[PDB]
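Undergrad: Sending over a structure as structure tokens; questions will come in a sec.
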Amino acid sequence: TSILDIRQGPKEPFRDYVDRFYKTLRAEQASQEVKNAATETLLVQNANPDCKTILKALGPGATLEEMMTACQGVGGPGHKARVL
């Protein structure tokens with residue numbers, strides 16, 4: 001029931017992971033240093049390595065949309081497609 005259990009699952013998307021992270025966070029919102037602590041930092045730290053790199057490239061305070069966008073980018077991406 002800890003935040004440690006909140007990790008970036010394989011078949012599980014980043015959305016479900018975030019939900020879990022915030023689920024546990026709001027399950028025992030507390031810490032020896034919540035202020036000094038950085039949820040986003042925990043999610044990233046408790047997030048896969050690749051995602052970690054993507055987050056590292058992102059910025060020290062990326063938006064949720066940016067975080068999930070980068071996570072979604074993880075692995076063989078696919079979106080862009082059109083002709084000019």
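Scheme for the structure tokens: letters A, B, ... for chains in order shown; per-chain residue numbers from 1; ligand numbers from 1 in order shown.
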When you look at range 14-19 of chain A with a cut-off of 10 Å (counting only C-alpha atoms), what residues show up, excluding the ones that are within fewer than 5 positions of it in the same chain? I need them as a list in words.
TA: residues 5, 6, 7, 8, 9, 24, 25, 40, 43, 46, 47, 51, 64, 67, 68, 69, 70, 71 and 72 of chain A
Undergrad: Would you mind telling me which residue in A:42, A:78, A:35, A:29 lies nearest to residue 55 in chain A when using only C-alpha atoms?
TA: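 Between A:42, A:78, A:35, A:29, the residue approaching residue 55 in chain A most closely is A:42.
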Undergrad: Under the rule that only C-alpha atoms are counted, which of A:33, A:27, A:38, A:48 is the nearest residue to residue 12 in chain A?
TA: A:48
Undergrad: To one decimal place in Å, what is the distance between CA of residue 52 in chain A and CA of residue 73 in chain A?
TA: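 Spanning CA of residue 52 in chain A to CA of residue 73 in chain A is a straight-line distance of 12.2 Å.
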Undergrad: Rank nothing, just name the residue among A:34, A:84, A:1, A:62 nearest to residue 21 in chain A, using only C-alpha atoms.
TA: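 Smallest distance to residue 21 in chain A is found for A:1.
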Undergrad: Between CA of residue 23 in chain A and CA of residue 44 in chain A, what distance in Å does the model show, to one decimal?
TA: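 We find that CA of residue 23 in chain A and CA of residue 44 in chain A lie 15.7 Å from each other.
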Undergrad: Counting only C-alpha atoms, which residue out of A:50, A:66, A:39, A:10 sits closest to residue 22 in chain A?
TA: A:39
Undergrad: For residue 59 in chain A, which residue among A:20, A:28, A:41, A:75 is the nearest when counting only C-alpha atoms?
TA: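 Looking only at the distances to residue 59 in chain A, the closest residue turns out to be A:41.
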Undergrad: Would you compute the distance between CA of residue 32 in chain A and CA of residue 45 in chain A? Give it in Å to one decimal.
TA: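 If I compute the distance from CA of residue 32 in chain A to CA of residue 45 in chain A, I get 17.6 Å.
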Undergrad: Going by DSSP on the backbone, which bits of range 42-84 of chain A are alpha helix (DSSP H)? Write them as a list in words, please.
TA: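 So, restricting range 42-84 of chain A to alpha helix (DSSP H), we get residues 42, 43, 44, 45, 49, 50, 51, 52, 53, 54, 55, 56, 57, 58, 64, 65, 66, 67, 68, 69, 70, 71, 72 and 73 of chain A.
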Undergrad: Please write the residues from the selection above to a file, keeping N, CA, C and O atoms, as an mmCIF file, in the first residue's frame.
TA:
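What ended up in part_27.cif:
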data_model
loop_
_atom_site.group_PDB
_atom_site.id
_atom_site.type_symbol
_atom_site.label_atom_id
_atom_site.label_comp_id
_atom_site.auth_asym_id
_atom_site.auth_seq_id
_atom_site.Cartn_x
_atom_site.Cartn_y
_atom_site.Cartn_z
ATOM 1 N N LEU A 42 9.173 11.583 -7.340
ATOM 2 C CA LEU A 42 8.963 10.220 -6.882
ATOM 3 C C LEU A 42 8.460 9.367 -8.049
ATOM 4 O O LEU A 42 8.953 8.261 -8.271
ATOM 5 N N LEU A 43 7.487 9.912 -8.764
ATOM 6 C CA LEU A 43 6.914 9.215 -9.902
ATOM 7 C C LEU A 43 8.018 8.902 -10.913
ATOM 8 O O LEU A 43 8.090 7.789 -11.433
ATOM 9 N N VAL A 44 8.850 9.901 -11.161
ATOM 10 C CA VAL A 44 9.948 9.746 -12.100
ATOM 11 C C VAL A 44 10.947 8.727 -11.547
ATOM 12 O O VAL A 44 11.388 7.833 -12.267
ATOM 13 N N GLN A 45 11.272 8.894 -10.273
ATOM 14 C CA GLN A 45 12.209 7.998 -9.618
ATOM 15 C C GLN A 45 11.628 6.586 -9.540
ATOM 16 O O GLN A 45 12.353 5.604 -9.690
ATOM 17 N N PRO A 49 13.328 3.249 -16.259
ATOM 18 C CA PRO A 49 14.562 3.951 -16.568
ATOM 19 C C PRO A 49 14.396 4.836 -17.805
ATOM 20 O O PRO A 49 14.708 6.025 -17.768
ATOM 21 N N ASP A 50 13.906 4.221 -18.871
ATOM 22 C CA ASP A 50 13.693 4.938 -20.117
ATOM 23 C C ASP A 50 12.885 6.209 -19.838
ATOM 24 O O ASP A 50 13.310 7.306 -20.191
ATOM 25 N N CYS A 51 11.736 6.013 -19.209
ATOM 26 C CA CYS A 51 10.866 7.129 -18.881
ATOM 27 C C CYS A 51 11.677 8.153 -18.086
ATOM 28 O O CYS A 51 11.503 9.359 -18.261
ATOM 29 N N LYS A 52 12.547 7.637 -17.229
ATOM 30 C CA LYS A 52 13.386 8.492 -16.408
ATOM 31 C C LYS A 52 14.228 9.393 -17.311
ATOM 32 O O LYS A 52 14.356 10.591 -17.058
ATOM 33 N N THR A 53 14.783 8.785 -18.351
ATOM 34 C CA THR A 53 15.608 9.518 -19.294
ATOM 35 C C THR A 53 14.772 10.561 -20.038
ATOM 36 O O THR A 53 15.220 11.686 -20.250
ATOM 37 N N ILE A 54 13.570 10.147 -20.417
ATOM 38 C CA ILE A 54 12.667 11.030 -21.134
ATOM 39 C C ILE A 54 12.292 12.210 -20.234
ATOM 40 O O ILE A 54 12.188 13.343 -20.701
ATOM 41 N N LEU A 55 12.100 11.903 -18.959
ATOM 42 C CA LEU A 55 11.739 12.922 -17.989
ATOM 43 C C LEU A 55 12.954 13.813 -17.718
ATOM 44 O O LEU A 55 12.806 15.007 -17.463
ATOM 45 N N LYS A 56 14.126 13.199 -17.779
ATOM 46 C CA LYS A 56 15.364 13.922 -17.544
ATOM 47 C C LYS A 56 15.583 14.931 -18.672
ATOM 48 O O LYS A 56 16.097 16.025 -18.442
ATOM 49 N N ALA A 57 15.183 14.529 -19.870
ATOM 50 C CA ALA A 57 15.329 15.384 -21.035
ATOM 51 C C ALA A 57 14.222 16.440 -21.029
ATOM 52 O O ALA A 57 14.430 17.564 -21.483
ATOM 53 N N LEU A 58 13.071 16.042 -20.508
ATOM 54 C CA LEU A 58 11.931 16.940 -20.437
ATOM 55 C C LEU A 58 12.346 18.228 -19.723
ATOM 56 O O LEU A 58 12.724 19.206 -20.368
ATOM 57 N N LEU A 64 1.996 17.281 -16.669
ATOM 58 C CA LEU A 64 1.463 15.929 -16.683
ATOM 59 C C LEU A 64 1.341 15.447 -18.129
ATOM 60 O O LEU A 64 1.709 14.317 -18.444
ATOM 61 N N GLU A 65 0.822 16.330 -18.973
ATOM 62 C CA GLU A 65 0.648 16.008 -20.378
ATOM 63 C C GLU A 65 2.001 15.713 -21.026
ATOM 64 O O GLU A 65 2.096 14.860 -21.910
ATOM 65 N N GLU A 66 3.012 16.433 -20.566
ATOM 66 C CA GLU A 66 4.356 16.256 -21.090
ATOM 67 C C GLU A 66 4.960 14.948 -20.577
ATOM 68 O O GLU A 66 5.663 14.255 -21.311
ATOM 69 N N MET A 67 4.665 14.651 -19.321
ATOM 70 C CA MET A 67 5.170 13.438 -18.702
ATOM 71 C C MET A 67 4.583 12.194 -19.372
ATOM 72 O O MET A 67 5.313 11.265 -19.714
ATOM 73 N N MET A 68 3.269 12.216 -19.541
ATOM 74 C CA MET A 68 2.576 11.102 -20.164
ATOM 75 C C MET A 68 2.893 11.026 -21.659
ATOM 76 O O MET A 68 2.915 9.941 -22.239
ATOM 77 N N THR A 69 3.131 12.192 -22.240
ATOM 78 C CA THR A 69 3.445 12.273 -23.658
ATOM 79 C C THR A 69 4.805 11.630 -23.939
ATOM 80 O O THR A 69 4.979 10.954 -24.952
ATOM 81 N N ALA A 70 5.734 11.863 -23.023
ATOM 82 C CA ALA A 70 7.073 11.315 -23.160
ATOM 83 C C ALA A 70 7.031 9.808 -22.904
ATOM 84 O O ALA A 70 7.687 9.037 -23.604
ATOM 85 N N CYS A 71 6.254 9.432 -21.899
ATOM 86 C CA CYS A 71 6.117 8.031 -21.542
ATOM 87 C C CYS A 71 5.516 7.287 -22.737
ATOM 88 O O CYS A 71 5.987 6.212 -23.104
ATOM 89 N N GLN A 72 4.485 7.889 -23.310
ATOM 90 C CA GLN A 72 3.815 7.297 -24.455
ATOM 91 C C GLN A 72 4.787 7.165 -25.630
ATOM 92 O O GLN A 72 4.624 6.293 -26.481
ATOM 93 N N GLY A 73 5.776 8.046 -25.639
ATOM 94 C CA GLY A 73 6.774 8.040 -26.694
ATOM 95 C C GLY A 73 7.764 6.887 -26.507
ATOM 96 O O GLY A 73 8.368 6.421 -27.472
#
